[PDB]
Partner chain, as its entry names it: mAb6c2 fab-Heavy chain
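Here's a solo chain for you in structure tokens, the form solved without its partner chain.
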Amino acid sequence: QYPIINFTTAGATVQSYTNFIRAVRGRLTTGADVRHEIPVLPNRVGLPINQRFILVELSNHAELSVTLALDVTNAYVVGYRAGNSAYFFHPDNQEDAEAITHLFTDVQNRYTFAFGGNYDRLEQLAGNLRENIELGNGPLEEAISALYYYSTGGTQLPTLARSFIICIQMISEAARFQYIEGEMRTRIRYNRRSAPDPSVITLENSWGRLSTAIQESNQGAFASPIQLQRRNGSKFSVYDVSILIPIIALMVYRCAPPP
């Protein structure tokens, strides 16, 4: 039922990754909602269940496959399937708990993790922060294998958590931010794995706030500036949507657009 987008780390290139992220964005957004040249994800309110999710099927050089499920309203990775087992993060609310019952319905073994899927919880379980977790094609290749082998006892919980952290940033954050997509393209182009710098981290941390600030802005002008960081960790202020047009690719729905 739900749309499937395929990506493989096997022989991945800048172009194949770019095609993938574009396809993901295309399935996340309808084109109904564009504000200051920035697309907005579907409003959760009244969104029919048959339109709630997309599936991202990840394959690797090891000839393994996992399927991530993403909530279209926020690009949130709600869980995954590997073969005969599916695993879901502890849902944040009753609506999201009901929604996941519509995913991977013909899978033999369904599990809900006792932990939620936010970075803070996943970093705790990984024993490492995002700033110390390497990203790139190699990390993603390894993450796919780690997710695949979890059900059979091959993958320790910290490795699983780290693997989620990799997938979320390389798929969902890249979909949300052209800037983060660009940073992943760079890693792929040179086949060089590296942890995300502060510019990446602060963007990830600020997505909800940036979405709200843009949508609540007066003709694009923020009431309150938002502090982001450069690659070197130095702070700069965002006062307006204009500077964010090349940086943010999609926003979570926060309010109705003004007349």
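For clarity, a rigid core is taken as the largest C-alpha set superposing within 1.5 Å between two forms. Numbering follows the first chain given and starts at 1.
Asker: 24 to 32 versus 208 to 216: which one's CA atoms end up farther from this form in 7 other deposited structures of this protein after a core fit?
Answerer: Once the core is superposed, the stretch further away in 7 other deposited structures of this protein is 24 to 32.
Asker: Between 198 to 206 and 36 to 44, which has the larger RMS C-alpha deviation from this form in 7 other deposited structures of this protein after core superposition?
Answerer: With the rigid core fitted, 36 to 44 is the stretch that strays more in 7 other deposited structures of this protein.
Asker: Averaging C-alpha B-factors over each stretch, which comes out higher, 74 to 82 or 91 to 99?
Answerer: Comparing 74 to 82 with 91 to 99, the higher average CA B-factor belongs to 91 to 99.
Asker: Comparing 167 to 175 with 145 to 153, which has the greater mean CA B-factor as deposited?
Answerer: The entry gives the higher C-alpha B-factor average to 145 to 153.
Asker: For the listed residues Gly31, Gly220, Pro42, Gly208, which one has the largest C-alpha B-factor as given in the deposited model?
Answerer: Highest C-alpha B-factor among the listed options: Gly31.
Asker: By the CA temperature factor listed in this entry, which of these ranks top: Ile188, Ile180, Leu140, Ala114?
Answerer: Answer for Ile188, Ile180, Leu140, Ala114: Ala114, with the highest C-alpha B-factor.
Asker: Which third of the chain holds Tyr239 when residues are ordered by C-alpha B factor: lowest, middle or highest?
Answerer: It belongs to the middle third of the chain when residues are ordered by C-alpha B-factor.
Asker: Sort the modelled residues of this chain by their C-alpha B factor and say whether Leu135 lands in the lowest, middle or highest third.
Answerer: Bottom third by C-alpha B-factor.
Asker: State the tercile, meaning the lowest, middle or highest third, of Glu57 with respect to the CA B-factors recorded for its chain.
Answerer: Within its chain, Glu57 is a middle-third residue by C-alpha B-factor, going by the deposited values.
Asker: Looking at the entry's B-factor column for C-alpha atoms only, identify whether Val107 ranks in the lowest, middle or highest third of its chain.
Answerer: Highest third - that is where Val107 ends up once the chain's C-alpha B-factors are sorted.
Asker: Quick check for you: using the entry's CA B-factors within this chain, is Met184 in the lowest, middle or highest third?
Answerer: Tercile = lowest for this residue's CA B-factor.
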